[PDB]
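**Student:** Quick one, what's the 3D model for this:
(2 chains, ligands or ions: 2)
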Amino acid sequence: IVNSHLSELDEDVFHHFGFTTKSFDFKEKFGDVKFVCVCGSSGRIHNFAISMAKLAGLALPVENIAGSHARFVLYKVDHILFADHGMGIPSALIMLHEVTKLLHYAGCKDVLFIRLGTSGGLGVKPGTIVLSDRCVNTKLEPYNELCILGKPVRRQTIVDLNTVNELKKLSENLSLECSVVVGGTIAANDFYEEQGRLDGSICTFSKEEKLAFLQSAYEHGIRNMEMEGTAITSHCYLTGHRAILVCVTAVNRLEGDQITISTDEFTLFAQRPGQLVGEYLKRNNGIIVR
Amino acid sequence: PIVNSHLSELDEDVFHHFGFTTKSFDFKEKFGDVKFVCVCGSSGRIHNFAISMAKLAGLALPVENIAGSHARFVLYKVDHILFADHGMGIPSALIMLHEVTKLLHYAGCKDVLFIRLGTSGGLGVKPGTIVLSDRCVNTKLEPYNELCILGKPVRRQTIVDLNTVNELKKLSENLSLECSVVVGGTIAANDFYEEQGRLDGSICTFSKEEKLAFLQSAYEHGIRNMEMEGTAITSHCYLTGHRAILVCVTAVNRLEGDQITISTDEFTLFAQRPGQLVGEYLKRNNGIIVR
Ligand SMILES: Cc1cn([C@H]2C[C@H](O)[C@@H](CO)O2)c(=O)[nH]c1=O
Ligand SMILES: Cc1cn([C@H]2C[C@H](O)[C@@H](CO)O2)c(=O)[nH]c1=O
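**Tutor:** Numbering: from 1, shown residues only, chains lettered A, B, ... in the order given. Ligands and ions are numbered 1, 2, ... in the order given. Have a look at this structure:
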């Protein structure tokens, strides 16, 4: 399924990455991509790309392919692209539209998107990696909702469960310093109110109403909460690709709302999804091991 | 009025996305004089605007980031003005709004004006035009921000500070800008492509005829530009006791096309136009002390 309007453009400008289809030979430059790793932080995804380059035995600079005034960054290491997506579904959708167009022009088929994020845990210890087995909205429905030309639309979320299972198996054969849990993930459209936090600038609910909401989620198999999953796992399916979420937790929301861990520990925890996924990528031809 | 009663339960409040806490500073002394908060989606752009304001104010030393080095957002202060970025989209803007309005509360600030200095798609105006929003609406043309809280739909009305908008239009007639300034309505959308009626995304479920009927309808309802944050900014500030305006430049006329074809340099130049107008407004309305 290709957007029939694209070929009618003489040049396609990737506004948020600061380049166009005339900037590179897309087939030659990107044609070998089979994985796209993304997260909300430019610095974090940059450091992950560097880590993958070192695992690949690459001794050459990991250069940002995006323009200097672009909203997003983009790196390539062997068969993996790395991009940030900011925070929230709308921002993620911008990256998704532009990256999936890039893959199309490059002739890349059936690529795996991997979101390496952070999240609020539900009933798990901070620092736990959650492999999402479903991505749902705040009503626990496996759909991303959109309003297109002012009309409501919904798109089903589909996680690549085969890959989730491979990652769980891998974690069982590695010596990790954290637990790896497979469970459901809520995507919310704010950090505070929609996530049931009492510590925002506005709160219209009681602690009892909050607990009921979070306990219900937990009983329905939810183990973490973040802000992008329903976009990533609905969009990729519809453009012919696969997606997974691999997110660490930074707080147990059944215990509190504030992120009280140190900045150093948060950064450490945030690198854990990459620890697991990096080994997976090394074993599954994401990088060439030199 | 109206403060979140739960905040008094905290001995320390951690502003996660700014990388500091209520114990990092004496908030009343540090931020108590703030009367303006200027925001946009780009950290680089808002930093550069803060630098320009510091220069207008006669300040020599560089403008330093107040946010932690590993924070999601940046934060600057020049005299009575705070400057922050907000990323792209309502959810990202709401994170900024919650943390900044909490900051203002702890600092004892009242009736602050938030000014979003953004970029946008124009509807029937030339690229490079500054649009002063006189209302912010969703993609259904309703002046409400929609939320889903504990899984239940909530709607919050949007309110623009029209008196200030009128003051800015009047100011623009007294300045020598490279552009025109238009007052009109602004749609906030939850994506850049499909929700904005663009034909050039990775997915498109509609025709050009359908795109134009949508945008024509919007234009007929007084809409002159389209962006991704306005309904959050203008509903949240009202509820927390503050005021808000949007001052956005256009980078394309969406009635003619979707692609941003102007050069990257010219886009950056256009994006400085809201600050050109707003900076002079701040100079004239005690945002800075002129030394
Ligand atoms: C710790 C945490 C992270 N996140 C994720 C998703 C966002 O992209 C970003 C917001 O802090 O990090 C949450 O949504 N909720 C949380 O409680
Ligand atoms: C030019 C343009 C900018 N924007 C704004 C709002 C977002 O914060 C960011 C997205 O590019 O810039 C639009 O939403 N639509 C547009 O057509």
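**Student:** residues from the stretch 101-250 of chain A in reach of chain B?
**Tutor:** For the stretch 101-250 of chain A, the residues in contact with chain B (C-beta under 8 Å from any C-beta of the partner chain) are A:101, A:104, A:137-140, A:146-150, A:153, A:188-194, A:196, A:198-205, A:209-210, A:212-213, A:227, A:235, A:238-239. Bear in mind the C-beta positions are built from the backbone N, C-alpha and C, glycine included.
**Student:** which of those residues are buried?
**Tutor:** For these, a burial check counting by 16 or more other C-beta atoms under 10 Å in any protein chain shown picks out A:101, A:104, A:137-138, A:146-150, A:188-194, A:196, A:198-203, A:205, A:210, A:213, A:227, A:235, A:238-239.
**Student:** Just those: which are in strands?
**Tutor:** Counting by DSSP state E, those place A:146-148 in strands.
**Student:** secondary structure element for the closest residue to ligand 1 within the stretch 1-150 of chain A?
**Tutor:** As assessed by C-beta to the nearest ligand atom, ligand 1 sits closest to residue A:120 within the stretch 1-150 of chain A, at 2.9 Å. Assigned by DSSP states H and E, residue A:120 belongs to strand A:112-121.
**Student:** now that strand, how far from the centre of its chain.
**Tutor:** Strand A:112-121 has its C-alpha centroid displaced from the chain centroid by 4 Å (C-alpha atoms, centre = their mean, to the nearest Å).
**Student:** Walk me through which strands it pairs with, and which way each runs.
**Tutor:** strand A:35-39 (parallel), strand A:222-226 (antiparallel), strand A:242-252 (parallel) (DSSP bridges).
**Student:** In CSV, list these along with mean neighbour count and distance to ligand 1.
**Tutor:** Shown next, in CSV, are the strands paired with strand A:112-121 (neighbours: other C-beta atoms under 10 Å in any protein chain shown; distance: least, C-beta to the nearest ligand atom, whole Å):
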stretch, mean neighbour count, distance to ligand 1
strand A:35-39, 25, 8
strand A:222-226, 26, 4
strand A:242-252, 24, 4
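**Student:** between these, which one is nearest to ligand 2?
**Tutor:** strand A:35-39 (17.5 Å).
**Student:** And the following helix or strand past that closest one, what's buried?
**Tutor:** Downstream of strand A:35-39, the next assigned helix or strand under DSSP H and E is helix A:42-55. For helix A:42-55, burial by neighbour count (16+ other C-beta under 10 Å) applies to A:42, A:44-53, A:55.
**Student:** Output these in CSV, with distance to residue A:277 appended to each entry.
**Tutor:** Converted to CSV, these look like this (distance: C-beta to C-beta, whole Å):
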residue, distance to residue A:277
A:42, 18
A:44, 13
A:45, 12
A:46, 15
A:47, 13
A:48, 8
A:49, 12
A:50, 15
A:51, 10
A:52, 9
A:53, 15
A:55, 11
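**Student:** I'd like to know which of the residues you listed is nearest to residue A:250.
**Tutor:** Within those, proximity to residue A:250 (C-beta to C-beta) peaks at residue A:44, which comes in at 12.9 Å.
**Student:** if I pick the closest one, what's in contact with it?
**Tutor:** Residue A:44 is in contact with A:84, A:116, A:270-271, counting by C-beta atoms under 8 Å, 6 or more residues apart in numbering or on different chains.
**Student:** and stretch A:119-135, which residues are buried?
**Tutor:** Across stretch A:119-135, burial judged by 16+ other C-beta under 10 Å covers A:119-124, A:126-135.
**Student:** And stretch A:265-280, by the same measure?
**Tutor:** Buried residues in stretch A:265-280, counting neighbours by 16+ other C-beta under 10 Å, are found at A:266, A:269-270, A:272-280.
**Student:** and the helix or strand where residue A:231 lies with strand A:35-39, angle?
**Tutor:** Using DSSP H and E, residue A:231 maps to helix A:229-238. Relative orientation of helix A:229-238 versus strand A:35-39 (axes from the mean of the first three to the mean of the last three C-alpha atoms, to 10 degrees): 160 degrees.
**Student:** how about helix A:229-238 against ligand 1, any contact?
**Tutor:** No. Residues of helix A:229-238 contacting ligand 1 under C-beta under 6 Å from any ligand atom: none, with a closest distance of 9.1 Å.
**Student:** Looks like residue A:248 contacts residue A:129 (just checking).
**Tutor:** Yes. Using C-beta atoms under 8 Å, residue A:248 is in contact with residue A:129, at 5.5 Å.
**Student:** Pick the one among the ones in strands among the buried ones among the residues of the stretch 101-250 of chain A next to chain B closest to residue A:157.
**Tutor:** Nearest to residue A:157 among these: residue A:146, at 12.6 Å, using C-beta to C-beta.
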